[PDB]
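Down below is the structure, laid out as structure tokens.
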RNA sequence: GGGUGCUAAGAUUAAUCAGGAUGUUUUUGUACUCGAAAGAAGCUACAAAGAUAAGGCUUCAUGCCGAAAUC
DNA sequence: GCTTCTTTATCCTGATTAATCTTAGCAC
DNA sequence: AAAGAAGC
Ligand SMILES: [Mg+2]
Ligand SMILES: [Mg+2]
Ligand SMILES: [Mg+2]
Ligand SMILES: [Mg+2]
Ligand SMILES: [Mg+2]
């Protein structure tokens, strides 16, 4: 090509390694690590989950706001201030079934029913009220001992049952009350039972939201998943065709038929021979690949035909125009009256839409007015439901338009698609990623593109841009072993489905009716087959009759919880009874089994799992690992995204170096080659630091021009002492506001004297959720040994503390530690609060004075006698000032929670008044000059004035509000400090704990902000502006 | 040998929507403790009602936005 | 003031669209 | 991982 320099890229989810070198000389021209922690984009799972949770709560709250207006307009209640909140609504929901209720009694019964409306895929009040009476509790997920055994209940009931009940209640009230109109009953049942459709989403005509049906643009779709249909591989503004469309069925077969080799004089079929094979299968009612190959065996010996698509086992495959044949079995319609485009569109709607309303609305809106009658669409919706397996197979990679350009050529040429398409025929990173919905893959892509752009303008274009790719070379033996594993996987499902059918019907296939609204049945049945038809936490057998007809009773548990592992694979999944998944909670089977009331023992499972031959190896490893794993310790999704991001860029480059015709070669390397060259070559990848990314990339760049002094020189320059300390680093700064603001925990406070306090102080409460776990007793003892007066029971109920709790710690085992409280309960059941008659309630939790309230967010109810707070408030940015008078620096701290939505405007901002506020509390003189703002991962040089010493750090935040001008810093060259690292004299060693927290408000110290381009070229930025930037 | 295209499967995962049951905390009621009661205490449990990222929107409702990306 | 060290909410049900790797069968 | 009060 033009010049002599080859760039290498090692693209990851949070880093892209960079490296340039002369193909000829072997000199290394540039080395670089670009870092942008993926942790922030994977947070979007946190982001979706909370957004959806916010909508369920909003609508549950609105369900009772809606019921308020219903009650006013009916004239039943106007004044909602004297409504009592201490009646028993569950007793009124059973009383109103036969006897009259007060208008306010009725409001209480309906309001309570609306707050828990049940699932929707003896009335419940009666069952609830009797759980209240015999067990003293209704809600949640609790244990009950019956006839010697322990069972588990939950407050889950079907919405249809709440509907039946409310209908009976309001009807008998209608006997007694004349204001209970039929419209009142109807509109309440809408509030009660009303659900939005999954293909509509949020909003209404007035409330436009681009999350749902009624868009901000003014358009209102029929199905919000229509706009997510992929686009054509070649005509990129055309949507793709349904796999059940005619155009797709014709193209698929045609391309199949031109891919076989026949004994004909051409070795390939003719235009005429094709046309009646199409005509043959299109008019034959029964059809499969075998019957088809039996017929061109007639149209010419079947075993002499070659080139057919193969099955996992080997039972050859070919297209059959299956969708068209079974559509032709419609009676109210004919599948032949319709031209090409009205059958392709019928496939579009029947593929996308899955329910009556979605189908019925699409046909009206996208077919001419008189194209279908009520009985005709009646059959189509029954036809679609009876054939969800055919219309759930998705969408072709091609649009209809492109296939129309190809289809006649496939009739004519005997060429297959590819040879047909060939015969006829800087990068904008934002447009490249405009329609990729994976913020992790999308970000690593833009980071990689933005690097090559900057690499060209500082170095001109390249001869080669090399990209490491996570792909596999395999020889014959490995390959066979893959498809045997892939075969055993499909064999296992069919074996499971067959065993499911025999034990349900006796027949060998299961009716389609069972899979409606339970599309996941196949995988559940597969798990059910792996587990020997047994729930591995309770030990009860699971019968497909319950699994299909009472499918509520079961849930698919993540063995090692997703909160901790993020393992969504089949090996991290079992099918268990619902109540056992719930009690297991966020725990492994090991952590949870023996603690569960309605469950096996862990030894009985340790038995069954290895006595079992159906369970996977990986699945057994997960079911039994005694590892106290948790959320804060030191996955597959990361590999998916590396390949996705690496591929997207690689293709986006070779497209760029073709269409604009610069012809920079674009090559590729695998990890198996680089990782072993690293072993064969010298480079020793060092510990826990970002240097290895730049070296990874250079090894990538070298692996290409390896077909060749210079081979020597390059590896010399690589393994040299003066190399690792010459690598440059550039981090992506995070300036985004309105991130997660604090911890989720809602903390109570009390006034008390603790330790060396003789004036009352405000204390934040903690709570031991369950004293009967060892983690609960462990926490108990730490507090007990340090200060028993911390437990509020010690202070406000000393009878229980010294007459009930203290004796237990005397008379119970404690040891392999064990929990004395749990032993007691194995004896007497739940520790009861002290009383004279044995009357007291049970004890599960103990709250304690924890720490003094410091920095917080105030969420105190107007109700409350004590403040309620959120804590661990997260920072946004730090504004650095200097004060000429004192000579010292003054660092202000901004947090996400300091910005808010301004009421009148709706804008998200901080006002100058409150900003100038934070200025005074932080110790910043009003007559000091702003200098530069610091955001996350901005770099800083901290220069010592006393000595000549200086050091470069990267910023994390302004830390510890009480200690003014205190900031926490992270290293320039790696992720974290180990602890005790030497710094400049004035700052001293970083704390041995690991966190570098230092106050920068001293007298002899110079600090400058530093920026880098994405290549690691830094430039000092001593002053930024006159005033802090606050534009919103 | 890499790259890529059509198809089918196997294995992973991403985006988005509709829902359930909790958990946290406030207040009240009841039980428990104290008091002769009224009550007190706010521990401990159940229930209900309110709040549930701080906080906002307008179109009064199957109402809408608020933890990603934009650097 | 400087360092240490405790602390940190979740389990599911139903659905659609998309991507990546790996086997296959054809092909520039 | 990092907030920030506890601890000295
Ligand atoms: Mg689970
Ligand atoms: Mg705790
Ligand atoms: Mg009281
Ligand atoms: Mg935190
Ligand atoms: Mg603390």
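FYI, residue positions are counted from 1 along the chain as it appears here.
When the header is checked for method, it gives X-ray crystallography, 2.8 Å.
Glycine is no exception: its Cβ is also placed from the backbone N, Cα and C atoms.
Lifted from Swiss-Prot, the feature list:
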- A:10, A:468, A:472: Mg(2+) 1 binding site (BINDING)
- A:10, A:472, A:693: Mg(2+) 2 binding site (BINDING)
- A:10: active site, for RuvC-like nuclease domain (ACT_SITE)
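Cβ environment of residue A:472 (Mg(2+) 1 binding site): A:670, A:672 lie under 8 Å away, each six or more residues apart in the same chain. In the three-state DSSP assignment, the secondary structure recorded for residue A:472 (Mg(2+) 1 binding site) is coil.
With 2 residues unmodelled in between, residue A:300 and residue A:301 have Cα atoms 7 angstrom apart. The Cβ of residue A:693 (Mg(2+) 2 binding site) has 25 other Cβ atoms within 10 Å, all protein chains considered. Gap in the deposited chain: 36 residues are missing between residue A:708 and residue A:709, whose Cα atoms are separated by 11 Å. Ranking the binding-site residues A:10, A:468 by how many other Cβ atoms lie within 10 angstroms of each Cβ puts A:468 at the bottom. Calculated from their C-alpha atoms, the gap between residue A:10 (Mg(2+) 1 binding site) and residue A:693 (Mg(2+) 2 binding site) amounts to 7 Å. The model of this deposited entry stops at residue A:425 and resumes at residue A:426, leaving 12 residues out; those two Cα positions are 24 Å apart. A gap of 8 residues interrupts the model between residue A:815 and residue A:816, whose Cα atoms are 6 Å apart. According to DSSP, residue A:10 (Mg(2+) 1 binding site) is assigned to a strand segment.
Distance across the unmodelled 4-residue segment, from the CA of residue A:634 to the CA of residue A:635, is 13 Å in the deposited entry. Residue A:121 and residue A:122 flank a stretch of 28 residues with no modelled atoms, and their CA atoms are separated by 20 Å. On the backbone, the CA of residue A:468 (Mg(2+) 1 binding site) and the CA of residue A:693 (Mg(2+) 2 binding site) stand 12 Å apart.
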